[PDB]
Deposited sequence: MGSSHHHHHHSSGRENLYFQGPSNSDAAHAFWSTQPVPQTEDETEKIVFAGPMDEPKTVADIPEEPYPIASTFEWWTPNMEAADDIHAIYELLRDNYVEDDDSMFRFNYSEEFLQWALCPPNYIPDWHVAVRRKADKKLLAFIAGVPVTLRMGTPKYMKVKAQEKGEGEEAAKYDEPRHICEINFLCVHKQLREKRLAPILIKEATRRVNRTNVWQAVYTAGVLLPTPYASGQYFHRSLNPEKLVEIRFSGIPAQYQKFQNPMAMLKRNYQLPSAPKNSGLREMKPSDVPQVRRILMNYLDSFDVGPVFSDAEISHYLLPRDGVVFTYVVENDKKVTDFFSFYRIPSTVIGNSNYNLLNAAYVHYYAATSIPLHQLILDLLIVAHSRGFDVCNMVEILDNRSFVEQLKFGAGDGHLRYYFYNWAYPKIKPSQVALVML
């Protein structure tokens, strides 16, 4: 059984979620007034802390916790090493809610012991297309469309319990207190992803990896194999191919918004961004996010973005860090996607990245073979809290998780 997740308003089995035909809430309907104003009880040796994620020193403390105690691969060879500048960026988008950033500290020495963050996101999460077709067949269109409006919900990430406190049931308490703070803000859904299987994902996709520095990837034992031929296989132009590719600037915001919103529209689950959220999530930030538009005749017709997450290489001597670029949002209207993403690779490689990672969401599958991405061991499972949702393919997901 799941002593925690069984008590939660999520579908409980694969079986249950094959049964779901309409999008909609699961729990009893509640009001802010129904929600306790006191934080969830925790042991007297601990205290709740709300870090200030725009304070360098508080960001550094979260940083160290995640550097030492966040997500590893199944073989404990790699561990995410999210940068401080990246943490500020991911956790402080426009209209972020400081109270959604939730820590536990040892009351004695203020040692940071645990963390979970929520940020606001406006998400389209109405009944998916294949199920609206069935609803129409059965004269149930209105029930199917009832929750079509884009919803203001919580996106959770960065759940982390210090290694020294593992399997002590501290993660359920963090999730309950996060849930409480979010509910007190009159928000009743969340979206989150995990590499592990929990009850119960609405979508799952494989990760894909494109080697940019195979010598290094082999050396750290991420890849296997002659090195001259492997280098030759993965070699890339030294400069981008699309004439008038350039980094995004602030005046591109409205057109990038337009073409992104038009594109993400075609997917069942996807975010809606204001101009302020496009500027936050897509304007270039050194070491963090990198975004390039195609502009021809003073008009932005395509773009791509990727973000950086270095990983600690745990076992190797010769290297302590892996530099990885993650495919972020993009849109193509003037060139095949593979031609657009080729430039992403050239740019990533030119800037010193070792590998380009993505999950098979969006139309990421459409360029896998031609650009030489290979399937990895990772899977990313997508979940909602308090939201019934029919199983969809990952190529119907348009929400990139950081």
*asked:* Comparing the deposited sequence with the modelled residues, which stretches have no C-alpha coordinates?
replied: 1-27, 253-261
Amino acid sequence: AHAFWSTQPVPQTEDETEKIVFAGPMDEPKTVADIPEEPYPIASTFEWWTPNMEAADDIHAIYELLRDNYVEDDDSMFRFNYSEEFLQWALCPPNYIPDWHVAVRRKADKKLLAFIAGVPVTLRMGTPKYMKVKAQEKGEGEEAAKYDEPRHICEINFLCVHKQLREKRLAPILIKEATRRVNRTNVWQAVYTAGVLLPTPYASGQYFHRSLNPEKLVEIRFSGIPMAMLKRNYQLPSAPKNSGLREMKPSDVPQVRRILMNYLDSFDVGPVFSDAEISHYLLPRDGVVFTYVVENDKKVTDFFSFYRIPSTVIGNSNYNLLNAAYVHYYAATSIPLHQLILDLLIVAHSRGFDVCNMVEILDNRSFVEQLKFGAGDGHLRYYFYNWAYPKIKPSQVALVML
From here on, numbers count along this sequence of modelled residues.
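Just so we're on the same page, rigid core means the largest C-alpha set that superposes within 1.5 Å between forms.
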*Line up the rigid core: which moves more in 9 other deposited structures of this protein, 310-318 or 174-182, by C-alpha RMS?*
310-318
*C-alpha RMS from this form in 9 other deposited structures of this protein, rigid core superposed: larger for 71-79 or 96-104?*
71-79
*Do the CA atoms of 13-21 or those of 380-388 have the higher mean B-factor in the entry?*
13-21
*May I ask you to compare 284-292 and 159-167 by their mean CA B factor in the entry and name the higher one?*
159-167
_C-alpha B-factor winner, where the candidates are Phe304, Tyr82, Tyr319, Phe78_ = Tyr319
*Most elevated Cα B-factor in the entry, residues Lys249, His328, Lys110, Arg181*: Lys110
_Splitting the chain's C-alpha B-factors into thirds, which one does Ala228 fall into?_
highest
*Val71 - which third its CA temperature factor falls in, relative to the rest of the chain*: lowest
*What third of the chain, by the recorded C-alpha B-factor, contains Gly352?*
middle
_Ranking the modelled residues of this chain by C-alpha B-factor as given in the entry, is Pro51 in the lowest, middle or highest third?_
highest
*Check where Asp268 lands among this chain's C-alpha B-factors and tell me if it's the lowest, middle or highest third.*
lowest
